[PDB]
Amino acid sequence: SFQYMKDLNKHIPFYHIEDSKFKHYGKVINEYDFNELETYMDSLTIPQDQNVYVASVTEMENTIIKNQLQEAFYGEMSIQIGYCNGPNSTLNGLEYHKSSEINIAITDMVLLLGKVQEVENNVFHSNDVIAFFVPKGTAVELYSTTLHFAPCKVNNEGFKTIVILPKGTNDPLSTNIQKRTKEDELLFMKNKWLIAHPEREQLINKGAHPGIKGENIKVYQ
């Protein structure tokens, strides 16, 4: 429940995804159903140790709805459908893509969002983050200029999310560039620029840029 989560998280701006404060970050998508996907997602368990992210799942890609979303929402550009399920409750990191991402909440979840415009010399401040409570069943477009990461759990068992992007996004980089722009320092996976919190050893050890300044926010439930 939203009010329970709201009450417990007075240390961060906290909104329902249907609130107009979301409008700068994304849009709620209403006119699609996702039965084919939900059927797949129900065959999956939530890991309790750490989040899993599969970028591209054939089963979910071989669907009517994938073809609908590709031709219309993505204007005929090739897409992948994956999932991010897990027990996480902290910010950890903030990433962007030069694309639209769809997140479909298969469980209640929360997203910690920023705006890429608020990055200055590869630094973003926790204070700028906003949380949005997304109910089971809700689908959102997150804009390319919206800093985002893995959801934070609402229910004790964790969360389940469908994640839709241009095909190839989050694949390993296949070249090692000559870095020349500020942004190049963030480049981490295909079509994925990442700003990690310095207390997130799992990302820092992977080479991620340590540019979140402030507390690694925690979402209490």
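The first residue of the shown sequence is 1; numbering continues from there.
**Student:** Comparing 134-142 with 117-125, which stretch shows the greater average C-alpha B-factor in the deposited entry?
**Tutor:** Averaged over C-alpha atoms, the B-factors run higher in 117-125.
**Student:** Taking the recorded C-alpha temperature factors, which stretch has the higher mean, 108-116 or 74-82?
**Tutor:** Averaging CA B-factors over each stretch, the winner is 108-116.
**Student:** Among 67, 39, 51, 56, which residue carries the highest C-alpha B-factor recorded in the PDB entry?
**Tutor:** Of 67, 39, 51, 56, 51 has the highest C-alpha B-factor.
**Student:** Looking at the C-alpha B-factor of residue 168, is it in the lowest, middle or highest third of its chain?
**Tutor:** Residue 168: CA B-factor falls in the lowest third of its chain.
**Student:** Taking the chain's C-alpha temperature factors as the reference, tell me which third residue 60 falls into: lowest, middle or highest.
**Tutor:** For residue 60, whose C-alpha B-factor we compare with every modelled residue in the chain, the answer is the lowest third.
**Student:** Name the third of the chain's ranked CA B-factors that contains residue 183, choosing lowest, middle or highest.
**Tutor:** It falls in the middle third of the chain.
**Student:** What third of its chain, lowest, middle or highest, does the C-alpha temperature factor of residue 43 fall into?
**Tutor:** Answer is middle: the recorded C-alpha B-factor places it there.
**Student:** By the record's CA B-factor, is residue 92 among the lowest, middle or highest third of residues in the chain?
**Tutor:** It belongs to the highest third of the chain when residues are ordered by C-alpha B-factor.
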